[PDB]
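Quick heads-up: the structure tokens below are two forms of one chain, split into structure 1 and structure 2.
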Structure 1
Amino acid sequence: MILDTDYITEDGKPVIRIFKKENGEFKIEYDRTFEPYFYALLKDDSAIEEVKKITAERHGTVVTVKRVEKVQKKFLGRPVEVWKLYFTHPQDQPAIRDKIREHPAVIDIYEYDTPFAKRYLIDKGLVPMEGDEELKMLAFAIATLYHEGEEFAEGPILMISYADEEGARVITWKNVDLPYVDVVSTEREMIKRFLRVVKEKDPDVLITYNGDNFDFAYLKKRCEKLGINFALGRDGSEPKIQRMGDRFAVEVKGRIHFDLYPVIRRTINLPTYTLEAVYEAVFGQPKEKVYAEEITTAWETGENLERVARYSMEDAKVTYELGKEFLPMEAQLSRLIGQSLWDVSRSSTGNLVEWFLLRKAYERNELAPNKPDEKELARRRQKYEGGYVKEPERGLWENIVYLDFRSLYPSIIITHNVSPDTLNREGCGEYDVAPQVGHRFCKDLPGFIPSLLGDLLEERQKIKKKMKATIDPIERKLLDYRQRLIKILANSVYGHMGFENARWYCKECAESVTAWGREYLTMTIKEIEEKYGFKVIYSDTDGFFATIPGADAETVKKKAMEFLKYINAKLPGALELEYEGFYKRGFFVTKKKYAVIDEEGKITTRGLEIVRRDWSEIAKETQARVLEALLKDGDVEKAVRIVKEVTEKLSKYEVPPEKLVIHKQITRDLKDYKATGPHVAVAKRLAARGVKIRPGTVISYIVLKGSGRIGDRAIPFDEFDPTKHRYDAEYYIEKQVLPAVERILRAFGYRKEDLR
């Protein structure tokens, strides 16, 4: 099983390393035969003698094109003759690529920025994370002496914790008497001891929570300020720091550092992403939080240091428990994209698609197009029409079916061969014309994009089937992961075609796909209402909610299944409508915002405040109860009563201040803000105290009783002391709770005055 690839330089020559794990043994395979290269498309196929001769300087050394070779590749759907330029070392390419492009005889260069170790995986056709090898994992967390003001790592690492299949342990230098704590003399002997552990257990995966930006760098600064060699690598190296955008990421050679923090946020939608919040939201059981003010006082006084030890052990224990959960899915993404788990676990959706496309492009001998430069990125800033959304027949509906298309956009690309390489091709024999936008797509040869999506959706439907044969719950989950992933990947391949900075950008392709989707959806809605007597209650991009006005449950289901047979026989090719559920009742407030309950009482809510992370809990909790009494028993009087009980709890300050916290994330640097809302205003006064306010941090503020702007009486929640503060009951009554339930109960005649 391949884990990762990199390269070293032996006497100026690149040497690929492949970090494998086979038969429970860690092996390092070397390849000294791979040559770096990129492509060049010249004006004449004869000037290459001059192109052989361009040189450049790197590090007191002239860089030269080693060898050249005539290649025929597929570019723009037609075979073009391209020139392959071989080099000695990968770092030669950036030092010479511009000197080549600037040559008049060459029009442009291609595939000049693909990293060596990743090109190896693509060209050599290798796929990491495949096989049945069980990787040895080990989590770790630390505890630190913090004071306000002192620079990063000014103080010491008080304790280090770790956890695996043998349990969790703690290592510190102050004497803490507990069965899972190991005491040593000093910090050195602690960090040195922790190194002895990792080297001894030899884990393939090092699991952390935010180790990319804290744990490893703290262990770095002390190790130098103290004089230890952090030989965590299996080659005897130290943790290697990279630059993942504004923030950083940490690699551990020979192993996979799995920072759960990027994985969690990108996967789960939580108002806060603390360890205690993430743990309790994934496993249901809560987790205690000891703060930095406590562990510093507990250290300098020596009092209640055992409480710090429990938290330290808990941190390591829970991150391991979380790592065992989220890693196997991240492994499937690695196999699907064809890049290391370390890379795909922190990659944006766009970059994951490009890597998938680049591998696909290499398999089909498709010369990859460059990324756009400034002028092209300026052009590609347009917009195009997307999915159709109807205005919901606002109110309460009964006996509803939801009919939806199977992968509507990827099925359109497949059915109509939508691809940049099939758009407006001359000499076409069979073409398909896009509605509204009139773009013609050649069907003589299968397009690049349709051929990949076809293989993906074919593999998706293969997985949704074999899953049923398999019995082991793990294989069910593992396989199910690939099923959902293929879908996100497929839709992102569509989104790639409209992406400003995408290599296979094609606005015509992108807007043709949506144009067909509008036609197929509105056609289906036309048929079901005219040829079958339905009334479409609400419809988003790929499906709709409909019912027979009046009628009975089965009558709605029977005619719905009849309509499906009629419409799926009239639907061209890979296009298909499916029965995706019956629902006893359903409330449709507005576009993107509705709630629905099935036959068994499962309430599904979409878009409403109850699901939005930037609303107070007291607002969600009561809208949930109002929706419940509305869809569970239709008890409108109990629903209107509930609003009256909670509104009196607020005015009498009986509701816990924790339920009135609004969580909103800042998205940019505070100088770049043009509108200071309450959450930004709070984050600006925090920057006046010198706190880390970076893009991505969540502001959690409560509004205090007072007058003026909201941003003048909003304080962070960790700053709220109930004895000294009183929250603004009037604000949360008139601006949070009542507005959220009135938009629902307005359909029943009730107004806010009737709810206070």
Structure 2
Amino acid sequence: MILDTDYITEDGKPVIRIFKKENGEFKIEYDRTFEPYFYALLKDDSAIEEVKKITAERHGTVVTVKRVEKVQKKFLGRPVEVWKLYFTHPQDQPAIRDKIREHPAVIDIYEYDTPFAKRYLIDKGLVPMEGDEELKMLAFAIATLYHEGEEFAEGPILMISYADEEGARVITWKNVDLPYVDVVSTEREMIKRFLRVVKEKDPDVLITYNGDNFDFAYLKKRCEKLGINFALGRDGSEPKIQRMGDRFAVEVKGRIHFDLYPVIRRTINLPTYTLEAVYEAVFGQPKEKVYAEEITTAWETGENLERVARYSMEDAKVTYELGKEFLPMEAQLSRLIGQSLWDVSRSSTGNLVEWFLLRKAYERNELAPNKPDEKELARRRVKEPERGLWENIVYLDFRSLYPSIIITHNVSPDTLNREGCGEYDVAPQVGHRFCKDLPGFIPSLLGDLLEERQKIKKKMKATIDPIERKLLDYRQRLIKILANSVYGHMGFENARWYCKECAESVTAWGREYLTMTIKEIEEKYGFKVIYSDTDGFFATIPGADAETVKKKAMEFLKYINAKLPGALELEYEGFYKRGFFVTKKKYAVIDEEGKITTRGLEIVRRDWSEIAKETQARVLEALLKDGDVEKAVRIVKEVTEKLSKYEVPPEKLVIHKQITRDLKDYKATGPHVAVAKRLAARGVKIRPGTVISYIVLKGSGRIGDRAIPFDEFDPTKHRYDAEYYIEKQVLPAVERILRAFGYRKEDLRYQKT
């Protein structure tokens, strides 16, 4: 299995290394035969002799064109003749490329800035992370001595924790008497011991959380300070930093440094990306945070070091588990995109699409178009649903609408307005013509992807190993997203295969096929379409029973799919006993077993009191389970009355809100801050991350001066602000739903007093 590739320089020539793990053993294969190159299109072939003599200087040495070769490749759908320019070293290209381009005889150059080791994987047809090999992983974390107003890593590393399948352990240089703690004399011995642990376990993957920007940088400075050869690379190298645009990344040669931070940042939306928040999100269970001042205070006083050690062990432990959780998906991605997990784990959707497409282009001998220049980048810059309760609803939607359009109409930059074609398809509204005589670059590669996905689904059934099936499932699911990412690519201003006409033709066709499908089902099968969005719609036959609606649905799908051209296909996605539709993106349905599914409506954040969430839930089931609007309305009115009668348990009024800044550097951004400041004033430790839990009390002033921490609420003396909970919690939770039935907030309570 291929893990990574790079190059070293040997007598001024590149030596590709391919890092592999085969039959449970690490191996480095060398290849000295591969040569840097890019392409030039010239006005007069004759000028090649001048172009061959162009030179530049890198460092203090002369850079020349090593050799040239006339080649034939596809550009804009047609065979073209271009000159392949070879160079001695990859770093020659940035030095000489602009001098070649600037030559008068040179029209343009192409494929001139692909990183050498990534070209290698492409041009040789190699794919990372392919095979049955099992990777050995090791997570690690550190805890440091922090003092505000100090330079970075001025203080020592206090603890290094690490976790793999054999458990988690902590290394530290003060005595902590715990079974999972290994005590050593000094920081230096700690670090050295950690090196021995890594070298002896020899993992293929090192997992961190934010190691790209903190852990390895800290370790680096401390190792400089202490004169330690931090030789974690399997070739004896030290971790190497790469500039990752705004910040940095770190490689450990011969291994994969999997930093979870960027992976998780893109996979899940959260307000905060602390390790504790991410571990609760993913695994559903809190993780306790020990703050930096407590760590430093513990080290200084010698007291509560066991608490520090446990936090350190847990950092490593949860980092490992998160790695176990996210890495297999990123590995399948890496295999499908054909680039290393190191690169893929840190790459935008954009970058990943381009790498896939560059490979396809190499595989089809198509000359890649160029990223736009800044002048070009500048150039590249409805229907409310039916109201009310519906019953016996079917959801029907297209299979891979945008890909399927692209395939069907052969939509591609290289097919657009092709001259002298005998057959073209014409985009609605926008009018762009796409030639059908020859399959386009994008349509052909998308057809292959959609096919492989169906082939993968076929094998998933023919398999029992649930693991193998999950890995097949990941690949299948990744292909679908890649297919849609290809569609987005055509509309993206920085894309190589940009094609604005392609993008706007695809969406135009989509609207035509959706709207036509809706027209047929209503006119020719008596359905009423309740709600539609882009690539699907809900409908019913008003007054029909569930079986009629299903049967007619299946008959319509047959009719429409026969009429639909090519790959366009509508499918039965589900049946729903009842539902309602507030607006685009906001709706609620219940299936025949009782399972409610909602979208755009449910009240989630912990900024909502339980009474709000509970009431909204009860409304939704009165609407969906009972089809009873008046009952939903009675529930609300009854809740708001109970509030006013001080009958709602105080535990259902509690609002929780996290402190984000120093209570000094705040925004007067709510009652949670006022409570925080009073606590601070009494001498309570408030930090970013402190959760404040409060109840709002009746009286005058902003809620702020009136709210109090839940643990101080005593019903025998305190009266909560029934009005606040009615008007600012309960009613806002239900108003959007019940507006869809003609009710305004004031219609859902008794009159104020």
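Structure 1 provides the reference sequence; residues are numbered from 1 along it. Between two forms, the rigid core is the largest collection of C-alphas that superpose within 1.5 Å.
- The rigid segments shift between structure 1 and structure 2, and of the options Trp516, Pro239, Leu608, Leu457 the one at their hinge is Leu608.
- This chain moves as two rigid pieces, and the smaller piece turns through 31° between structure 1 and structure 2.
- Core-based superposition between structure 1 and structure 2 puts the Cα shift at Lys558 at 1.8 Å.
- Taking the core as the reference frame, the CA atom of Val691 shifts 21.4 angstrom between structure 1 and structure 2.
- Look at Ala595: with the core superposed, its C-alpha moves 2.6 Å between structure 1 and structure 2.
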